[PDB]
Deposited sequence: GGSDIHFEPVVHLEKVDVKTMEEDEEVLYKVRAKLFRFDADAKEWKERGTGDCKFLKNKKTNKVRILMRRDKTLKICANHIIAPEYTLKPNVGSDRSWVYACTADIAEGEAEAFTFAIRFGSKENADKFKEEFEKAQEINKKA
């Protein structure tokens, strides 16, 4: 009787966040996306990356390796944010360079992010 992108990657850390990009020609921060920021480790290359998507639209507002060259600096106005320079982000097509800032719901999450961020950099050295 007859009847009728990320799957190759592991998530090491996940936290809700708001991401900013610095417009130098205007000397102001411009929000880029709010959603879940993930640290994704490729099981074929072992290279960890940040991948962030906006809520509802699920559009990519961050996609880049957590390079060992990077370094998280504080922002003058916040105890729950980190600023750092990114040389190759492909969230909007070709690899552009950006000065990013990312903010979190609490200082507790910001410090945990920094701990996981530095862990990923060590992974990306091997």
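Annotation: deposited residues 1-6, 11-20, 143 are not represented by C-alpha coordinates in the model.
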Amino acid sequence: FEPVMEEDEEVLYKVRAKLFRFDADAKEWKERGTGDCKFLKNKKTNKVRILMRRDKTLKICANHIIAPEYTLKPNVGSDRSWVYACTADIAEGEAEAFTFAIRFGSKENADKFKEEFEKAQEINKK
From here on, numbers count along this sequence of modelled residues.
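The PDB entry records a higher mean C-alpha B factor for 93-101 than for its counterpart among 32-40 and 93-101. Comparing the deposited coordinates for 14-22 and 114-122, the stretch with the larger average C-alpha B-factor is 114-122. Between the residues 57, 45, 63, 81, it is 45 that shows the highest Cα B-factor in the PDB record. When all modelled residues of the chain are sorted by CA temperature factor, residue 27 is found within the highest third.
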